[PDB]
Amino acid sequence: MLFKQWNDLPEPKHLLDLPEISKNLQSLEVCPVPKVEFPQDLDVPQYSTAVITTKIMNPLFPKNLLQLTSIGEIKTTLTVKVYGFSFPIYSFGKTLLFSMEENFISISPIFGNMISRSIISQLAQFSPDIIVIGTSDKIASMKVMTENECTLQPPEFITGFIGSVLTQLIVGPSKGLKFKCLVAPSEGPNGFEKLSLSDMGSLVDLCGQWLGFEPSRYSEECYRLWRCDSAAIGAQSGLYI
Amino acid sequence: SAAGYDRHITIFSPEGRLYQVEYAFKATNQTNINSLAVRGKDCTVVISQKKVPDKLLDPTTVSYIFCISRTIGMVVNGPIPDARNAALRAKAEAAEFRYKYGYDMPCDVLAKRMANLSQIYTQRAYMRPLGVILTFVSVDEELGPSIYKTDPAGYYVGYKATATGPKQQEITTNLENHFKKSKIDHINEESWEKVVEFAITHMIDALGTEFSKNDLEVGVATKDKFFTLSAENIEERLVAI
Amino acid sequence: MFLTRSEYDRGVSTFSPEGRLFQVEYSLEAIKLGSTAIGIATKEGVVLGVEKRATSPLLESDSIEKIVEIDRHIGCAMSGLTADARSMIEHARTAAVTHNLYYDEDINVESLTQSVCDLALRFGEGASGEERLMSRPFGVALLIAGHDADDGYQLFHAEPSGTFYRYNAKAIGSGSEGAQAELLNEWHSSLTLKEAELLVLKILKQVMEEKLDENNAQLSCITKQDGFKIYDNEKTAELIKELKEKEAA
Amino acid sequence: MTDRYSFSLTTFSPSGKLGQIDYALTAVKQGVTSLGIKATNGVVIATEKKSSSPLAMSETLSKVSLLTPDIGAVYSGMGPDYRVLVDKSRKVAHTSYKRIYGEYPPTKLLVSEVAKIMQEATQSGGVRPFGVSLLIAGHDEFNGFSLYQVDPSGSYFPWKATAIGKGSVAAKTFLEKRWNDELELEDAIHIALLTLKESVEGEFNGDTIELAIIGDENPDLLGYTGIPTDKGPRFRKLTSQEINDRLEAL
Amino acid sequence: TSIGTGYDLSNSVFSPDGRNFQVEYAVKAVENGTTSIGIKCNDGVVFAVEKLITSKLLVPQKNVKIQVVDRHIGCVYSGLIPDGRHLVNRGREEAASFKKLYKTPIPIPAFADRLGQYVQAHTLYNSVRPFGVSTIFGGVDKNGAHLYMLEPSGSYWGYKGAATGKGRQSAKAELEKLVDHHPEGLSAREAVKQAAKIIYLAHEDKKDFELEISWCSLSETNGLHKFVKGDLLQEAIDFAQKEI
Amino acid sequence: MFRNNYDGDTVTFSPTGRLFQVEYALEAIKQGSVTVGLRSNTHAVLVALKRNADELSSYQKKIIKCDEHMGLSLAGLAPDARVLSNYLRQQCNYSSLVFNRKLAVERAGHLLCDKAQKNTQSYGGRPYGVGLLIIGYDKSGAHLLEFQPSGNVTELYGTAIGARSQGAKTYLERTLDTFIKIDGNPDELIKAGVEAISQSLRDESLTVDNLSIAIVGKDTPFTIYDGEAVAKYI
Amino acid sequence: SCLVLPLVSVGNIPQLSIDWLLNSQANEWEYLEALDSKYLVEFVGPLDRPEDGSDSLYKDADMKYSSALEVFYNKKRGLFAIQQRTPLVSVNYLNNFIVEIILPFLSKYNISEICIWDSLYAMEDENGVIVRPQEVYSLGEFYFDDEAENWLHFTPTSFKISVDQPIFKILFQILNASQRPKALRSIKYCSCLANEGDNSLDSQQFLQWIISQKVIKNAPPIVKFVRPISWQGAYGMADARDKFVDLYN
Amino acid sequence: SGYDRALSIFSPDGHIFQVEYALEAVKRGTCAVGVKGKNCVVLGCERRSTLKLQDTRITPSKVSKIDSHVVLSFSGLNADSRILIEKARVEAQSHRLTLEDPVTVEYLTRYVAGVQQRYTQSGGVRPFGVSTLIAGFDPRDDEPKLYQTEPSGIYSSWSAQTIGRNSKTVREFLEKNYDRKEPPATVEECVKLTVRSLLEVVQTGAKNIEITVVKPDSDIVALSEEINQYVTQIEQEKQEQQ
């Protein structure tokens with residue numbers, strides 16, 4: 001190229017381009033807070049294990065093999081002088097599952113914060129098994145953490161809905177809970193992240209170990225779910241080799 | 001400091017200033033080398049201070065004085081890469097002028113040509129000015145001894161005698177005092193050796209220091225040719241005075 | 001250690017810190033917005049099936065044509081942006097006609113697919129050192145079917161990334177995942193032409209929000225004897241009726 | 001691709017103003033004052049020759065340049081831009097008029113060409129607008145004497161008398177109070193000297209003032225004798241001695 | 001002042017102090033390269049490179065760190081390998097053109113000037129980046145032996161002794177000590193021994209290393225650039241080990 | 001965090017003196033499968049593990065023939081790999097047709113370095129993100145070259161690139177003297193390469209559909225075995 | 001009695017200065033408490049320690065993680081310092097953050113001083129609040145005793161304030177609050193002009209200027225500048241350069 | 001958002017925002033309706049209220065006759081529409097010269113879409129903010145042809161389509177009143193349907209409705225006052241229904 005455009009100067013990266021809630025940038029007034037409502041008929045004590053993750057980890061939970069069933073949903077509403085989304089909750093065996101759908105284009109992090117607070121408040125009454133599955137873009141390799149040991153490097157950190165859940169578990173209103181967290185490296189914006197084959201395999205192996213299933217069938221089903229045009233893989237087959 | 005798009009290209013600031021040109025002027029004086037040019041009755045002398053802080057460097061390879069053509073010599077203040085680039089451009093321009101117009105290029109016309117190139121650099125967005133100050137010295141057949149100087153801004157002008165560098169103000173003041181004392185506007189010596197000795201004494205008085213044979217670089221322009229004095233000639237001049 | 005915005009997914013000629021090109025991934029995401037297109041290649045020929053997703057009732061049935069004829073021995077189906085697909089189809093037809101003119105023979109399907117992938121690679125450096133002709137990569141995925149003496153019946157999937165694969169049965173579109181799973185679980189080499197057509201219709205009805213009918217379902221076939229042809233509405237309706245009869249019992 | 005074009009360097013502000021042109025005007029207003037006043041039988045152009053460290057030769061650098069034997073110009077702003085514009089104006093005057101009609105162009109047409117060049121500069125994505133303002137004084141057979149002012153935007157206006165640069169408002173007021181319809185060339189020169197005397201901060205001698213006149217023909221400056229129809233230059237530059245003699249006198 | 005924010009994202013931008021920060025960043029990249037030194041004896045030039053012992057899978061025959069431009073020109077560099085290799089290729093093209101035109105080997109100062117012009121031309125536009133290599137080259141011509149070092153800015157100078165890389169500073173001191181020990185002159189074999197000694201002194205980082213020494217002298221190699229043979233190389237290694 | 005401000009293009013250097021886009025291009029290699037290359041004295045062998053999108057997809061053509069005496073295997077980005085393979089084919093044909101001379105392996109490596117270095121210093125182009133393993137035989141014997149897309153070429157007896165290639169490289173380095181003296185029996189060299197590439201497998205085994213072999217030699221023209229042809233080698 | 005509240009601004013100079021402030025002298029600073037972060041993008045991270053080999057600010061041994069919005073306390077000089085890692089969600093939630101998070105913290109510990117650190121980009125100066133670009137830093141002061149019911153007074157520095165700037169809304173909410181503390185007396189505002197990039201040295205010089213101006217009453221001088229260990233990972237792996245042998249040599 | 005400042009940038013969800021912004025600019029202009037009859041095509045357009053001091057003698061017609069058998073209407077920016085119409089007429093004449101056969105409706109629509117696509121392939125150009133309706137008959141039969149072309153270069157075939165501001169109401173009216181099984185057999189029925197559809201959004205149908213009728217054999221008759229008669233008859237029938 002003879003030259004590059006003079007006006008092609010990037011904007012400062014200090015502020016993220018998060019979606020706007022209210023069109024009034026000079027409101028000078030308190031902004032309304034989203035309201036979250038947890039079902040009152042979920043019967044939490046009937047289940048002794050709850051898993052909190054996002055939609056990207058759907059291949060880790062095959063439907064037919066685990067016998068997923070629907071019980072109730074979390075309703076989130078917000079009024080601005082209009083946002084409303086449905087959060088289904090699944091159940092396999094005796095274990096509940098929350099899989100929030102992140103979308104940095106249309107869904108603000110405040111909804112995720114409210115949902116995480118509601119879920120942690122509801123699940124802290126009985127203290128079941130807590131398993132956190134998520135991804136961070138600042139970690140070099142896969143990380144396994146518990147409530148007593150932090151394996152993250154000083155530069156590495158976890159942000160997002162999983163980060164909100166971990167914050168509520170550690171320094172939130174409800175403390176003392178025991179949790180196991182599995183974090184895998186990823187790239188991309190929230191709700192559109194991508195993984196690698198090795199990371200997917202490691203996640204599948206660790207999930208199978210922590211869920212108690214035969215490695216052969218579990219791995220076969222997980223691989224079939226990954227390769228069936230899953231959004232997490234992306235274009236690994238079409239871009240590399 | 002600059003603010004906006006006027007940091008990488010040459011456009012007007014809100015105060016009507018070109019910051020890149022001023023920063024190139026700042027870059028010119030980063031070599032910490034001072035030069036002097038004085039015209040005699042039938043000769044012109046340029047003397048540049050030579051610094052060799054490193055004894056692992058060959059002194060004979062350090063030179064900011066260039067022979068543009070048979071009669072024109074050039075002295076550059078600033079970094080040596082842009083100095084050599086300007087030297088090659090000046091050589092090409094002088095040769096092309098001689099080829100196209102049938103007679104040797106005078107010093108003022110070459111200075112104007114370089115100034116026009118500098119103006120191109122200062123107006124074009126994708127081109128940058130050369131952070132060097134050029135001084136052409138010759139003995140023109142129509143104007144006698146001639147010293148002309150051009151800067152990154154595209155401004156050129158002739159001088160009775162000139163000084164340049166970080167400590168140019170003291171040398172300029174001493175030259176003005178000498179001219180007021182004599183009121184002939186040039187040097188009365190009829191031999192170029194005497195003019196070189198006078199320039200050496202003036203530089204010693206202005207800078208308040210004594211030089212060796214390796215601390216000076218002298219070029220003399222006569223009617224027929226411009227030649228750079230060697231170490232032995234400078235030593236002979238020092239021994240004489 | 002602070003949260004700052006990352007801009008590695010803006011420029012096409014920019015690598016992610018792990019070495020990925022997010023523009024191609026976004027192009028695939030755009031392709032996912034297109035309607036479902038299915039292609040099944042068996043020893044009796046290749047079958048293509050698309051859904052005519054009509055945004056308005058007054059839209060013409062023949063307006064939407066996502067199954068084209070690259071050549072008498074090469075048919076194509078598209079999913080994604082129609083604008084880029086038009087240029088890709090025109091280039092493929094031009095290449096086929098030029099090959100016929102200069103060689104007096106039909107072009108192999110693999111050669112045509114490679115040519116289309118070379119065209120799709122134009123957003124960067126060309127295959128033969130050619131310069132850049134596209135500001136952004138394509139947003140269309142192609143299913144190319146054909147028949148030739150070298151490899152019998154061939155079916156290929158071509159991506160904007162410039163890499164193509166050979167598939168026995170490939171479905172890409174809005175309902176790509178479910179159709180792909182059904183093809184993986186319900187395919188065998190003993191499928192006949194009728195069985196493949198019925199399977200395509202059943203999968204389309206499975207992955208369609210509205211009721212299946214010939215208005216929003218186009219079926220085309222390519223065989224050695226009759227080249228490439230597209231079934232009309234009457235034959236598709238008869239096939240749908242037969243599928244309903246066989247699924248009832 | 002992203003190499004065959006460049007975005008426009010001059011763009012409109014939300015208020016409806018071109019920022020680069022305004023900044024060029026600001027740069028012009030920071031330059032040395034240059035003035036021009038028209039008489040009934042001539043035009044006077046004057047400027048102050050500001051200098052660097054007093055070792056340079058002021059005669060080598062001239063801020064008043066002959067465009068055509070009957071048309072001259074002065075500037076306020078940036079020197080190299082003025083020099084480039086002067087060279088281009090001389091070349092355009094020769095190519096467009098002298099080589100076509102056999103005659104030098106009138107003042108208005110040359111001013112229009114210069115304004116067109118400057119406007120093309122302001123409409124480009126590769127160069128910034130020029131940073132000079134030009135006072136052009138000329139004479140032609142069918143329009144007599146004329147004085148024009150050209151701005152960095154390419155807008156030119158006629159003037160009976162005007163001034164640009166640092167001391168422009170005060171000079172404009174003084175010239176308005178001094179100019180009259182019956183003024184002559186000597187009175188115009190005297191008024192121009194008086195106006196310059198109020199703006200120079202240093203020595204007000206002939207070595208720091210550049211003055212030119214569009215007066216009558218000068219057969220002694222033609223360079224040859226023998227053709228009565230041919231006339232000498234109508235543009236003359238006053239020497240230092242003449243300026244000093246006028247300064248000592250009224 | 002080593003980090004100029006706001007004036008370091010483009011190649012050809014002057015900072016308010018009047019500095020080009022891309023050039024200084026290229027210099028910083030050079031400072032992280034391998035140590036290479038060059039010495040000038042009475043009638044020749046010696047180059048020494050301290051290389052890291054890589055995997056044994058590499059062929060120890062075709063892998064040579066010191067680059068050859070022309071029969072009388074030797075060259076080493078520190079920085080980025082692709083940039084140095086491209087610069088060596090350009091130098092080879094220039095030498096070939098000069099010899100093809102004027103029927104004589106290109107003089108060292110002319111070669112240095114052409115290389116400096118080519119390197120400096122890459123600091124004039126924002127569509128290119130400066131080379132991230134410092135190059136120590138030299139040779140023998142009709143005027144004698146010449147040794148030059150060229151910086152990423154395009155500035156080149158002639159040196160009695162030049163050093164670059166991680167262990168440059170101490171090496172330079174050793175080079176200065178050499179000038180303080182042999183002011184009158186130096187022979188080629190003594191130059192090889194001292195180059196080996198300086199490389200051994202300045203490689204104390206640890207990971208085993210290897211030494212590569214080449215020389216070009218009129219009275220030892222008939223004015224040609226040749227690598228030091230096994231006997232003299234082993235002698236130099238033994239001398240360097242004994243000196244420590 | 002401070003790296004994010006200096007990784008926009010290949011023209012920008014970090015304050016510490018880094019070129020991050022080229023580093024990312026190099027890191028893009030490990031996203032591809034594993035390929036191994038090795039030669040003793042007269043034959044050069046490439047072994048490649050092929051990958052498929054799913055069950056119904058075909059397998060990627062890891063090894064592509066460049067000329068009767070030269071071939072390569074690719075690991076990394078498919079577009080850059082195809083561009084460089086076509087470039088090498090064109091260069092071999094150009095050398096043969098113009099100079100009446102077969103292209104040398106070292107000359108091909110120099111050409112690849114020249115082409116790759118240009119995109120690392122000029123704006124408007126993306127650096128290549130594919131590594132190559134080239135095997136050839138010429139008048140100087142058998143040669144194996146590893147080409148790093150930063151613009152680097154190394155000559156070695158054996159190596160391996162791609163995902164999980166560290167185990168194969170360690171095995172090759174440990175047993176270097178075992179296979180470096182295999183002269184005149186290409187089958188042993190091919191089996192040694194297969195054993196080397198089997199060390200990089202993780203929860204997978206070599207089959208008849210995901211293994212490809214390429215062999216060149218003195219009297220053996222460059223040939224490629226795939227499918228049933230490699231069934232004898234398991 | 002003095003509170004330091006950094007803002008997420010251009011170049012993160014305030015926040016980094018906070019990292020300069022705490023880790024330069026970790027003896028006098030200890031972790032105090034984590035505030036509610038419902039209005040942030042709060043993260044979870046490990047502990048951070050000074051590079052010179054000092055004890056971590058988190059004295060308690062039962063905590064191994066960290067949150068975004070945290071408050072550290074200096075009991076020797078009674079200074080509260082806030083640290084934020086993730087930016088505030090949107091711009092219309094500043095009012096809620098002021099009147100629902102830091103509002104209880106005011107009058108929770110009876111703080112008698114507020115200090116706000118900010119960095120402004122000179123390019124986005126739409127309202128032209130900058131009048132003397134010769135200087136780089138700027139200071140403004142406000143007293144409740146000397147003022148009843150733009151509204152600030154600035155020292156002879158580089159620069160009123162723009163209505164769009166966060167500082168104006170912060171001041172409006174602090175003054176107009178119906179739950180404001182009775183012990184709040186003085187508000188001080190330090191601002192710096194700088195560009196985006198590696199602002200470590202810029203942050204250090206900004207902190208030096210703040211200490212020299214004695215904006216904080218109980219701010220001791222710093223004689224040795226020590227970075228947190230996390231800054232060693234700003235460019236990535238510590239030995240990343242050694243890895244690319246083919247690229248660096 | 002960060003992914004909307006260029007036409008060559010893909011969004012993470014798979015959208016090009018500049019195309020959407022061009023569509024929004026299109027939806028800002030006056031309405032335009034195209035209806036296909038059994039053997040005729042009707043193009044209706046909405047004219048903004050004419051000012052008192054505006055010359056009505058040479059006021060431009062919203063429907064431009066590209067060729068003796070092909071007409072064009074637009075919605076969006078007027079000057080860009082003029083540029084597109086000029087290019088389309090030049091291309092039609094060039095095709096007639098080159099192949100001795102007048103252009104078909106589909107070919108001309110494809111050419112217009114191709115021009116609009118080409119004006120999206122560079123970062124230094126602004127795409128046309130015009131959506132066009134092309135109507136006519138192929139010059140060898142009596143089959144009506146109506147096409148809609150969008151700024152992105154996408155062209156589609158319709159039987160009754162509305163583009164412009166408040167086009168949802170007219171589209172719903174056409175959906176609830178137009179049936180492809182029984183298209184209006186006569187020209188009068190199609191004209192009445194178009195006028196009634198336009199009246200759903202036009203404040204005053206006496207001076208803000210323009211009707212053009214295209215029939216086979218390349219006739220093309222533009223209705224004058226007659227539109228006022230249709231409006232009055234529709235009002236009378238509506239009041240009779242009341």
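Computation of the quantities below employed the complete heavy-atom set of this structure, encompassing side-chain atoms and omitting hydrogens, waters and symmetry-equivalent molecules. Letters A, B, ... mirror the listed sequences (proteins, then strands); counts begin at 1.
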Discussion item. Only pairs of heavy atoms separated by less than 4.5 Å count here; which of C:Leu21, C:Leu184, C:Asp9 has the most with chain A?
Written reply: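 Most heavy-atom pairs under 4.5 Å with chain A: C:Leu21.
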Suppose a student defines contact as a heavy atom less than 4.5 Å from any heavy atom of chain C. Which residues in [range] would they list?
range: residues 147-155 of chain A; answer: A:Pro154, A:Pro155
range: residues 234-241 of chain A; answer: A:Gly234, A:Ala235, A:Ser237, A:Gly238, A:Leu239, A:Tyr240, A:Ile241
range: residues 189-202 of chain A; answer: A:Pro189, A:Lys194, A:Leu195, A:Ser196

Fill in: Working for side-chain contact (heavy atoms from CB on, under 4.5 Å), residues A:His14 and C:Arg5
CA-CA 7 Å; A:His14 67 296; C:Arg5 180 184 54 178; over 6 Å; no
Considering residues, nucleotides and ligands other than [X], do more than 12 of their heavy atoms fall under 6.0 Å from its [atom1]?
X: C:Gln206; atom1: CD; result: yes
X: C:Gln114; atom1: CD; result: yes
X: A:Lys75; atom1: NZ; result: no
X: A:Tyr90; atom1: OH; result: no
X: C:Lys211; atom1: NZ; result: no
X: A:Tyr223; atom1: OH; result: no
X: C:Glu247; atom1: CD; result: yes
X: A:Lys180; atom1: NZ; result: no

Worksheet entry | Student check: side-chain heavy atoms of C:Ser6 and A:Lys13 closer than 4.5 Å |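 They are not in contact (no side-chain heavy atoms under 4.5 Å apart), so the answer is no.
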Measure distances from [X] to the heavy atoms of chain A and classify the residue's part below 4.5 Å as side chain, backbone, both or neither.
X: C:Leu3; answer: both
X: C:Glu18; answer: both
X: C:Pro17; answer: both

Shortest non-hydrogen contact between [X] and [Y], atoms and distance:
X: C:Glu177; Y: A:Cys228; answer: CG-O, 3.2 Å
X: C:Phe2; Y: A:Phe157; answer: O-CZ, 3.8 Å
X: A:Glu187; Y: C:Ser16; answer: OE1-OG, 2.8 Å

Fill in: Gap separating the CG atom of C:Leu28 from the CD1 atom of A:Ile233, nearest 0.5 angstrom
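Output value for this atom pair is 12.0 Å.
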Worksheet item: Roughly how far apart are A:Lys138 NZ and C:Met1 CE, rounded to 0.5 Å?
Response: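 A:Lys138 atom NZ to C:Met1 atom CE measures 11.5 Å (nearest 0.5 Å).
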Discussion item. What residues of residues 162-175 of chain C make heavy-atom contacts with chain A at a cutoff under 4.5 angstrom?
Written reply: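 C:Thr163, C:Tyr165, C:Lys170, C:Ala171 fall under the 4.5 Å cut-off.
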Fill in: Greatest number of heavy atom pairs closer than 4.5 Å to chain C - which of A:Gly188, A:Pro185, A:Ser230, A:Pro10
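Result: the option with the highest number of such pairs is A:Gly188.
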